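[1] no sequence on this one, just coordinates:
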DNA sequence: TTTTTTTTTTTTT
Ligand SMILES: Cc1cn([C@H]2C[C@H](O)[C@@H](COP(=O)(O)OP(=O)(O)OP(=O)(O)O)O2)c(=O)[nH]c1=O
Ligand SMILES: Cc1cn([C@H]2C[C@H](O)[C@@H](COP(=O)(O)OP(=O)(O)OP(=O)(O)O)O2)c(=O)[nH]c1=O
Ligand SMILES: Cc1cn([C@H]2C[C@H](O)[C@@H](COP(=O)(O)OP(=O)(O)OP(=O)(O)O)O2)c(=O)[nH]c1=O
Ligand SMILES: Cc1cn([C@H]2C[C@H](O)[C@@H](COP(=O)(O)OP(=O)(O)OP(=O)(O)O)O2)c(=O)[nH]c1=O
Ligand SMILES: [Mg+2]
Ligand SMILES: [Mg+2]
Ligand SMILES: [Mg+2]
Ligand SMILES: [Mg+2]
């Protein structure tokens, strides 16, 4: 592995020739310009502040609009609970929270409309619901060729200090030499001082839990606030708290949550 | 292993296309589609927490009030004990832990044969060639096996014979596994919650099984018999965890839901 | 068939099932786990020097003066004299080996000797399972009590798997003592700290084989170490385990009696 | 080997040690006098507050203006993310953080005018990205002979226990400074705060806030701690704090530095409290 | 066999029972645990380097004039002449080791051999100069010299658990097997929750290095806790912890040092 | 056997009580409470990190190496032979030689440094040593044994315990610390030890003005048993008023706060200050 | 395979 600084005439050049956008909020698209090859983002909100809404939305948007293979690794739930929350979200309805509508649209041929509008040419990919998880994600990257890989709910993949430190180190070091956006989700701690995360705490960088290797091997911290006690509980207040590429840490904007469609859109709110 | 998005075409329709209730802990019927055939309900706890205190309670109310024929096999003990808790539970008076009422009656034949009068109970005192006759020659429908432990490669070569048999027959084949020798913190017995991790023996005690009940109870608390049920990995309705309160009620002896 | 139709399993149970050995001190043992049973390996385990042999050799006297059974003792922790000399002043309610005058003022010696020893009850002992196997065959023992265990992974369980076989063979009421491990978190046991079943030294099968566990929690450097907590930690045959009672000492005389 | 104190008359005088001075701030160069061969220097701050570009700037300033051969072992970000800061740093711009310019400069080939102004001097050496790291540094410094070596992100190299690993390595790296006589700036991180705000948010960092062990303030020679408040109203005024200087005996504030967005070269600000 | 009855015991009580060695300094001790007894093992607990050989050679001396026993001393913590300087100067009430002026004064006053045979003029004390060899060296004092109270100094090079309770249980069995009142010195462990023992802390029965049975096969536990950085480092706290033979324990006594001589004597101290 | 009595000990005490001395410099009270380093003892040096535990040893090796003629041997393991073979030069001649290059430009040519060499090191008083532990005390025994180094100084015990592959790093300490105290007490050579002070938890750390306690010795716990004198230093980097604590002297009967010193930013000498 | 203490730091509790 002895490489001098003189083997870099045509290897820098071809490395010149851009980040995959962030739908629903262009403020994250402003002060990061997306994500690169080897990047590891971190998405977080509180323990119950909708960390499963916008990540699922972005997995939707990067496969039905942009032609990039979104190979998920969701381990909150099984496969038939995330495929349906892809389809019913995409059709702007509530799929898995109404029993008659799951029976109404199963009757009349619109089912193989709503399967084939999404899952067609191997864009979306799903994972069978932890040191073999890395081997399965590398088999996912090498065999299928997916670009964005999401992992969720870090408590299942795991003194939970050395554990989560070795976990974040192993994924950060996995993202080398491959060119893959390995987005991970992790939880916030129980707030040892202050107002709670169920009450809309101002999420600092001092709230990640298990070890401080989460705010030290990331490449972006995207923090959401689903302030349910606030007068906009249909509003995820989104924030860049860490950037290795720019350094702008602040209110990129807002995104408004919708009930019936399940979506959340860019909003035009100010305080 | 990774399975692609093409494999879920009809299976959401198959996901959008109960049976034996759990008399005792009345939230489990709400959360694991009761009991169909071919299930392996796990009753997981540490030695003393209420393995056979709870698992034999199901066989009375699924042997008599359901009418389905039941094969018990409590190989941690013998037939003389497994043919008494049935009687003392069906007759509400504590048989085994009383002295004078053992010899008061000995109307023993009546409370023997009235609850053994069907072809319900076929009790047992290599092993599966003698166990598996319960379902073919006899008609049993709930089969409950207690002990597994003393009963690299000669360990994980067991559950396939049971699971293919459950596939072929359709029997509620409830087998008890145990907890383990702990390593850090409080042990299980004080009221520790046991998630999917804390199980030795094999991973098939919480993975290859279909639905997993765990019993936990504060032993040196206000009462040692406030058990509480947990689901580890449920496949029928997916949702797992805590249903609700049971209590054993030492006056009578039913782990009844509270 | 290995399965047996339970209706055709009748008379063998009709011929089958047709309190017992009480405990002096801590009347929430016999009221709760119902005395003693043949074939048992009971445990009286607490910390080292909590007064375990202020229980385990009080019971050997109460089971030879009112219960009349044969008691084959085993104290390796001292000699036959040093375990038998306390018994006489224990019977006579006078604290013998803790005041110098009455150690030799009496010598009414054989009055106090024969009235508790002229029965052929006690059989002391100064390998050990051979010399407990003779206590059945050549001596006729009815209660066996032992005191110290830690001298005679598998070297700690292959004594307990021989003692459980000896309780299997003869059905003898047996009491056995082992010791607590050292709590590296928090305090020590000796100021009222509750013990768990992991607190047993040596290895990790001295608690499979035992049929119950009894323990004294004693605030040793406390305001008084004369109010002990009895705790059952395991019971195969009554289920209800935990805080049994609180025993005094009554320092004028010295009786572990419930209060 | 046994020695005494009389057979050194003409080799004590050989020491009778010229430094390698910093850049950007000058009070750092007051109370350190540069850096010497056999001297382990340590830079700490939070994550992202300036532990890689502020060290690579000094790797350039010690590697194109002073002719000292400089080697890197960048383990965070590999060769092809770190050359395009060097190139876009020396030219007083922001290269990778715009596609208005990387698109332009390879059309005509003025990339080949901004490129060979630096690396054709053959003073830079890399290591492409956990104990024979020493043995590869030995040839990077014995045959190639880069006269400063930089180790990036030592908390991969600790990925047994912590106390055993990092001391068993750190002793062999201070004994790599000795017996080979190279300067060595090593990068190592911070443990979490207990109470209050953190070391990226702008906490006043102390000496025993390290992580990996407490044997990082013990086998090391100079502790330099940046304090970059990014939540305060001055988000790009970094502070520099010398926490432990063995060779002189001055501790406290060095000075202040400003970070300029359009250029990338941090400038010495003249902030007053 | 080796089986014994409890009928044939009229002889071997009649030939058994047909206080003793008090402890000088803080005479609540013999008021409470009633002196030493033959065939035991005794632990002096104090802080490390805090006087675990000042309250044991005093109690080697006070059993060598008024008791006349064949008192041994076994020192591994020092040499065979500094242990003898202090015993000469101790009863003579002049702090001797700490002064060289009085070691060049009465070398030629001729009262060297006078204060030698004033209290070594008997054949009372015996000594030794440096564990399985120590098995023979603790028994030859019992057989060859006829020693009565052996004091053994060190435990941590005596350990060169299998070397730690091998000592304590075997040399507890040898005590009751030969009647010699063996007295051994212990080391407290290195605590972590807060203070050290050396600054006024109270000690519990756990605090003994090596393994755990040093509290099992020892028969009494004597305490000293001296507040080094306080009003004085000389007021030790005495606390009795374990007592198989009377039972009563607790806060025992409070001594001073009486700085001219070197003699542990008490005071009626309330606090 | 070796069980020798106490009646037949008339002559061995007689040829003993006729050492005690070898006093410190830098302050007064460090010669009160310990009366210097008694030949035989173990003396232990603790400061924080970068707090002068080879300043107050490089300075006390000279007062024992010139003003008393005692053969002093220095095993400085932090460094090499050259940085410490010259740090005594300006020590003696009252300049800061390595810490300022202008004097290093002055005294090359005219040989003032050569007379500064031949003054101190022209005699035979100082011996030095450079750098597991299976040969450390083996190569330290020849200094007192053959060469007669009457004081030996050991620097940085933490880099003879961090250089071994063992099971634990505690047993490997206290299987060597016994050889250290035995080699000290047996031949009666003073052997001084440098060891460090571990992580604190709340408030000020040791380098910010923490009153260090005896249980804070990093590495093991028999460093407060097999020691005869423990010395601890404190400062707040008044960034030079270093005060001294003596933790435990096994010979005499008083320990505590020893004295105040101040370090000289021109010459190199610890002036005992006032406060 | 598992037992028993004894140092040194990390989250969280
Ligand atoms: C239970 C109790 C005992 N004691 C005293 C009476 C006896 O002197 C002594 C009883 O302890 P023992 O039972 O005699 O101790 P042991 O020989 O069993 O030791 P080990 O546990 O290590 O095997 O304590 C009290 O003073 N108050 C009490 O409440
Ligand atoms: C010092 C400083 C840097 N920056 C920017 C410049 C770079 O784009 C980025 C620095 O990133 P890096 O230097 O690459 O990373 P790091 O060493 O600080 O952190 P880690 O230990 O996790 O590897 O931050 C600011 O915006 N303001 C500042 O004051
Ligand atoms: C106990 C005590 C000791 N001292 C002084 C004078 C004593 O000679 C000295 C104690 O010396 P030692 O008793 O010899 O020390 P130690 O036994 O605690 O340590 P080790 O096991 O390593 O041998 O301390 C007092 O001043 N006041 C006191 O109360
Ligand atoms: C005490 C003190 C030290 N110093 C400086 C000058 C000395 O060269 C320096 C000490 O040099 P060293 O003795 O080599 O450093 P250290 O032993 O204190 O710490 P470590 O070896 O573990 O890294 O401290 C002062 O400037 N003023 C002071 O008051
Ligand atoms: Mg006993
Ligand atoms: Mg970086
Ligand atoms: Mg001593
Ligand atoms: Mg130093």
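    Everything's here; your move. Numbers count the residues shown, from 1 in each chain, chains lettered A, B, ... in the order given. Ligands and ions are numbered 1, 2, ... in the order given.

[2] Show me the longest helix that occurs in chain A.
    With secondary structure taken from DSSP state H, chain A has its longest helix at helix A:162-174.

[3] Strand partners (parallel or antiparallel) of the following helix or strand past that one?
    Using DSSP states H and E, the helix or strand that follows helix A:162-174 towards the C-terminus is strand A:181-185. Partners of strand A:181-185 in the sheet, by DSSP bridges, are strand A:41-44 (parallel), strand A:148-151 (parallel).

[4] Any residue of the next helix or strand after strand A:181-185 touching chain D?
    In the C-terminal direction, the helix or strand that comes right after strand A:181-185 (DSSP H and E) is strand A:220-226. No: if you take CB under 8 Å from any CB of the partner chain as the test, strand A:220-226 misses chain D, and the best it gets is 9.8 Å. To be clear about C-beta, it is placed using only N, CA and C from the backbone, and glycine gets the same treatment.

[5] With stretch A:166-176 instead?
    Yes: for stretch A:166-176, a contact with chain D is found by CB under 8 Å from any CB, at A:166, A:169, A:170, A:173, A:176.

[6] Repeat that for stretch A:118-133.
    No: using CB under 8 Å from any CB, stretch A:118-133 stays clear of chain D, coming no nearer than 13.1 Å.

[7] what comes into contact with that stretch?
    Outside stretch A:118-133, the residues that touch it by CB atoms under 8 Å, 6 or more residues apart in numbering or on different chains are A:59, A:63-64, A:67-75, A:77-79, A:82-83, A:86-87, A:90, A:136, A:140, A:144, A:146, A:156-158, A:167, B:1-6, B:8.

[8] Give me the subset of the residues you listed lying in helices.
    Among the contacts of stretch A:118-133, the ones falling in helices (DSSP H) are A:59, A:63, A:64, A:83, A:86, A:87, A:90, A:136, A:156, A:157, A:167.

[9] coming back round to it: just the buried ones from the contacts of stretch A:118-133?
    Those of these that meet the buried threshold are A:59, A:63-64, A:69-75, A:79, A:82-83, A:86-87, A:90, A:140, A:146, A:157, A:167, B:2, B:5, B:8, by 16 or more other CB atoms under 10 Å in any protein chain shown.

[10] Which residue does chain A have closest to ligand 2?
    Across chain A, no residue is closer to ligand 2 than residue A:247, which sits at 2.6 Å (CB to the nearest ligand atom).

[11] Which elements pack onto the longest strand anywhere in chain A?
    The longest strand of chain A (DSSP state E) is strand A:235-243. Secondary-structure packing of strand A:235-243 (3 or more CB pairs under 8 Å, 6 or more residues apart in numbering or on different chains; DSSP states H and E): helix A:27-30, strand A:220-226, strand A:255-257.

[12] contacts for the longest one?
    Contacts made with strand A:220-226 from outside it, assessed by CB under 8 Å, 6+ apart, are listed as A:28, A:32, A:35, A:39, A:41-46, A:49-51, A:54, A:200-203, A:205, A:215, A:233, A:235-245, A:257.

[13] hang on, the earlier thing: just the residues of stretch A:166-176 next to chain D that are near ligand 7?
    Among the residues of stretch A:166-176 next to chain D, no residue lies close to ligand 7 (CB under 5 Å from the ion).

[14] ok so, going back, and the residue of chain A closest to ligand 2, what is it in contact with?
    Contact analysis of residue A:247 by CB under 8 Å, 6+ apart lists D:48, D:230, D:235, D:236.

[15] What is the nearest of these to DNA strand G?
    Lowest distance from DNA strand G to the contacts of residue A:247 (CB to the nearest atom of the strand) belongs to residue D:48, with 16.3 Å.
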